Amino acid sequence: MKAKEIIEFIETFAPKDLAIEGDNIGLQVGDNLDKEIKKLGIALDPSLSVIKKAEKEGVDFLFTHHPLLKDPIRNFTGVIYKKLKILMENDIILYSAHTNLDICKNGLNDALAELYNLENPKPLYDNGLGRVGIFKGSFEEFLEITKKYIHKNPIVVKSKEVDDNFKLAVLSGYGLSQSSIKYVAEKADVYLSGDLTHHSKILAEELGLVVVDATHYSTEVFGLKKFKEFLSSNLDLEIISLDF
């Protein structure tokens, strides 16, 4: 469809300047835009498996949530060498929307907000990430929606009894670090995100913040599935999932 034109469409949904400080968003690996494309792949992470499987299926435009490299390099060996080899031989464009996709209207965090039908939801953090608002319902109803739609067996740190109509906070991905938990404990009764260390569990219990670990995977793939749908039913392309 011309890569240039797909990218411009994605940057219309998720403007690049929504990305948090130092987020490596946009064109990752690629020369020759203007080239038309057939199979557009979509994955969470540009792991080698995902890059291999994209060549195997003749994907010529890989879209990932997570950037290829977080930190810059000037030597190319080991794993990064193979990933680039496959991508450069096969002329497969690799593009990324990371936090700009987590932050935009109807992005990964809005999707969680909508799922739980949060009342008057606002961004959680100063950088635009996450969403917080009232869950009009009970904690048990919150748990059912979560078990149904996000993750079947979520770790629940029930640090406090939860009244109906509590403030629910959600963060798609890794959101349960010690400092994240302290911050959100000021602003919410229940916090739904991924990756609960043992220390964070204890911290949550001490502060009285109820935490639900739905894993970083399930909370990201929920909104990513949605973005895939929005893509294929807006573009005449043919679009595959590579790690769902």
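We number the residues from 1 along the sequence you see.
Mean CA B-factor, 122-130 versus 78-86: the higher value falls on 78-86. The deposited model assigns a higher average Cα B-factor to 232-240 than to the other stretch when 13-21 and 232-240 are compared. Comparing the listed residues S49, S193, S200, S180, the entry records the largest Cα B-factor for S49. When the modelled residues of the chain are ordered by their C-alpha B factor, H216 lands in the middle third. In the PDB entry, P67 places in the middle third of its chain by CA B-factor.
Annotation for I150: CA B-factor lies in the middle third of the chain's modelled residues. Among all modelled residues in this chain, the alpha-carbon of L44 has a temperature factor (C-alpha) in the highest third. Sort the modelled residues of the chain by CA B factor and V184 lands in the lowest third.
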